[PDB]
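A short write-up of the structure that comes next.
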Ligand SMILES: [Mn+2]
Ligand SMILES: [Mn+2]
Ligand SMILES: [Mn+2]
Ligand SMILES: [Mn+2]
Ligand SMILES: [Mn+2]
Ligand SMILES: [Mn+2]
Ligand SMILES: [Mn+2]
Ligand SMILES: [Mn+2]
Ligand SMILES: [Mn+2]
Ligand SMILES: [Mn+2]
Ligand SMILES: [Mn+2]
Ligand SMILES: [Mn+2]
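Numbering (PDB author numbering), first residue to last: -1 to 143, 150 to 231, 233 to 395, 398 to 439, 443 to 548, 558 to 581, 585 to 754.
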């Protein structure tokens, strides 16, 4: 209509070859996921690929010049198609959508126009359109104009539904006057058209035409000047009813064009999917076409049905990866990121807890029985659709998939973390009168006018009522216990923070619902993502702040280190840990040596703190939790590095591969590649230890954590792809 014209380079491929087109959309739908179309309706199986182009503008005139070519197309497509892509699309029967059970009537309806292209690189020529359209307009009738120059050329029958055919050659063996037969009936051509279509031939004495109706021709190739490999479907028609199409409209071109209603339908499919389930599926950040495929992959647990997923068409992700495989490799990855988040946040939520109990709590939340509950609460099962022909499929899987999907979306870890906070903790996780002292204490809190003697009352009654805000029972129980250790005057900061999250996530106003469960939850959230660090039991409290190193910051919550209520807590630890008096001897020497032996560029002025975190990784009994964290991160890191490295592989492959480089022995050897000073301190702290010992692999994970903790994530990530990634053995 106006400048508004996003370009897309289509490529319709079939047995014969590729057909390119320039798709102009009046809307922003990011990149469009290709899709292949099964064999049927006269036309054979094919594949359609998309790929963003330039944002081509158009002067109203050029817009009318496009209109023309379009009508041409609509005419070559026949009467079974209304001259309007937008209409051809909005007429779609429900059974042809990716979610036929969730059809929405979106506000707008994209406008599309297809243009011919010689090569995926060729520019847009608005003048080449005239020439083209002219050719069509000045198209003679075969009876106006040898059988070797028409062989292969296309031609339709205007008076005959514009059906399309491919000229094979003039058959002088007979003429329109000739005869053909049926079981118990012999008729002349001329007569037939007069009887049926009720048309009166004029050049009845003209030599008939021998061509194959495009339908029948499905994918069969064209013989040579009648050697007629397979000629039973072959038919004959009056050169006068034949309108020879100009060279350009060659088979490839023609037939390829029979797959445009479908590209339109595709756009219609998408759009419909988007605004129908968009606010019903965990937001990933994606939009348009990618948000679509993302929804299909997460909601279409079963594969297409012969004909296809959404009609005859079946959308494939980058590298032609099925939505099925995508779900497979997003869960695998969601499982790991989810695992790492939990390990990190629990460490801080229970800085005094032991690894043992820290691992029990983890499962307590990452457990299938648990996630299968968060999924039920997310109302996903209802949207989940599939023909129960798929066997170890689980709801819980969907949770990890979403997590894996948020991460790879533009929202990333910041997204998974949010998704996580909301879901794992909720007032809907506990059951349910109350005294007066509590009710009044509730409101006062709802408006900050609440103090220390008002929260304790709230925690105790929530302590003696069995209030739970985690999908787990022990975790919840364990939670309330922590609060007991928390000084009342510190809880309002956790609240104002929890209530802060509930808001920017659109799941709550500026102020809480005014209930005790509600109140407790806002603390939970806040304490979940708020706690500064943990203790390395009998030597201070390690601060978890590898998140302030991320290139993108989120002050609204976390804030800055230059200073908030929460922010100040972490930094407090950070310094107190620098305020420690390094006993510098060897553990410090090894610590130093490891620092420069990273072969990785860590952010500046991050060294001193790193060294600290290294000595701790080196000293025995203390590296306990660091290892726990390293293990988790490493698992996440690798999965990622492989996920990117092998876009076509699935779970198993990806699993076996990363697990290969996680075994202690593997990690241990790495630990040895450090200048002996390291190996030395180990043996130093451990009497009569062996080269195949565990501590070797275990301290490595301890190190890895030390990098993440002090240098940030990506720094550690590079650490992994530089030293550990290389050790992954190939399935082959
Ligand atoms: Mn309908
Ligand atoms: Mn008549
Ligand atoms: Mn992917
Ligand atoms: Mn603790
Ligand atoms: Mn389980
Ligand atoms: Mn599975
Ligand atoms: Mn699972
Ligand atoms: Mn609001
Ligand atoms: Mn591991
Ligand atoms: Mn791959
Ligand atoms: Mn030992
Ligand atoms: Mn280990």
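Where is the CB? At the ideal position from N, CA and C, for every residue including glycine.
- Between ligand 6 and residue 327, a heavy atom-to-CB distance of less than 7 Å is absent.
- Here residue 345 is buried: its Cβ has 16 or more other Cβ atoms, across all protein chains shown, within 10 Å.
- Counted as a single uninterrupted DSSP element, the alpha helix (DSSP H) harbouring residue 700 occupies residues 699 to 707.
- Within the same chain, 274, 278, 301, 305, 314 and 315 come within 7 Å of residue 96 by CB-CB distance, once the 5 residues on both sides are set aside.
- Between ligand 12 and residue 653, a heavy atom-to-CB distance of less than 7 Å is present.
- Your pair residue 10 and residue 50 does not check out as a contact, with CB atoms roughly 17 Å apart and the cut at 8 Å.
- Under the 8 Å Cβ criterion, the segment 257 to 277 does not count as touching the segment 172 to 180, having fewer than three qualifying pairs.
- In the three-state reduction of the DSSP assignment, residue 178 falls in the strand class.
- Remark: the shortest separation between the CB of residue 631 and any heavy atom of ligand 4 does not fall under 7 Å.
- For residue 66, the closest C-alpha among the options 81, 53 and 52 is that of 81.
- Cα atoms of residue 115 and residue 85: separation of roughly 24 Å, rounded to the nearest angstrom.
- When only Cα atoms are considered, residue 538 and residue 486 end up about 12 Å apart.
- At a cut-off of 7 Å, the beta-carbon of residue 399 counts as near ligand 6: some heavy atom of the ligand is closer than that.
- In the DSSP assignment, residue 194 falls outside any beta strand (DSSP E) and lies within the alpha helix (DSSP H) extending over 193 to 199.
- Secondary structure in the segment 286 to 367: the beta strand (DSSP E) runs of 3 residues or longer, each lying completely within the stretch, are 318 to 320 in chain order.
- Of the heavy atoms belonging to ligand 1, none sits nearer than 7 Å to the Cβ of residue 745.
- The set of residues whose C-beta lies within less than 6 Å of a heavy atom of ligand 4 reads, in chain order, 355, 356, 357 and 358.
- Within 10 angstroms of the beta-carbon of residue 8 lie 16 or more other beta-carbons, which makes it buried.
- Around the beta carbon of residue 6, a 10 Å sphere encloses 16 or more other beta carbons of the protein chains shown; the residue is thus reported as buried.
- It is roughly 26 Å from the alpha-carbon of residue 427 to the alpha-carbon of residue 684.
- Cβ neighbours of residue 204 within its own chain (closer than 7 Å, five residues either side excluded): 198.
- For residue 677, the distance from the CB to the nearest heavy atom of ligand 3 is not below 7 Å.
- Excluding the 5 residues flanking it on each side, residue 374 has no same chain C-beta neighbour closer than 7 Å.
- In the same chain as residue 708, and ignoring 5 residues on each side of it, the C-beta atoms closer than 8 Å to its own belong to 642, 715 and 717, in chain order.
- Using a Cβ distance threshold of 8 Å, residue 632 and residue 724 do not count as a contacting pair.
- Checking the 7 Å criterion, the Cβ of residue 336 is out of range of every heavy atom belonging to ligand 5.
- If you compare the alpha carbons of 265, 363 and 700 with that of residue 317, the shortest gap goes to 265.
- Between ligand 7 and residue 377, a heavy atom-to-CB distance of less than 7 Å is absent.
- Looking from the CA of residue 250, the closest CA among 170, 450, 101 and 77 belongs to 170.
- In the displayed model, residue 602 falls within coil according to three-state DSSP, outside both helix and strand.
- With contacts defined as CB atoms closer than 8 Å, residue 223 and residue 42 qualify as a contacting pair.
- Taking 8 Å as the cut-off, the Cβ atoms of residue 512 and residue 518 count as close.
- When the alpha-carbon of residue 598 is set against those of 574, 613, 630 and 608, the nearest one is in 630.
- Taking 7 Å as the cut-off, the C-beta of residue 485 does not count as close to any heavy atom of ligand 11.
- At a Cβ-Cβ threshold of 8 Å, residue 87 and residue 173 do not count as neighbours.
- Contact annotation, residue 337 with residue 676: C-beta distance approximately 6 Å; criterion of less than 8 Å satisfied.
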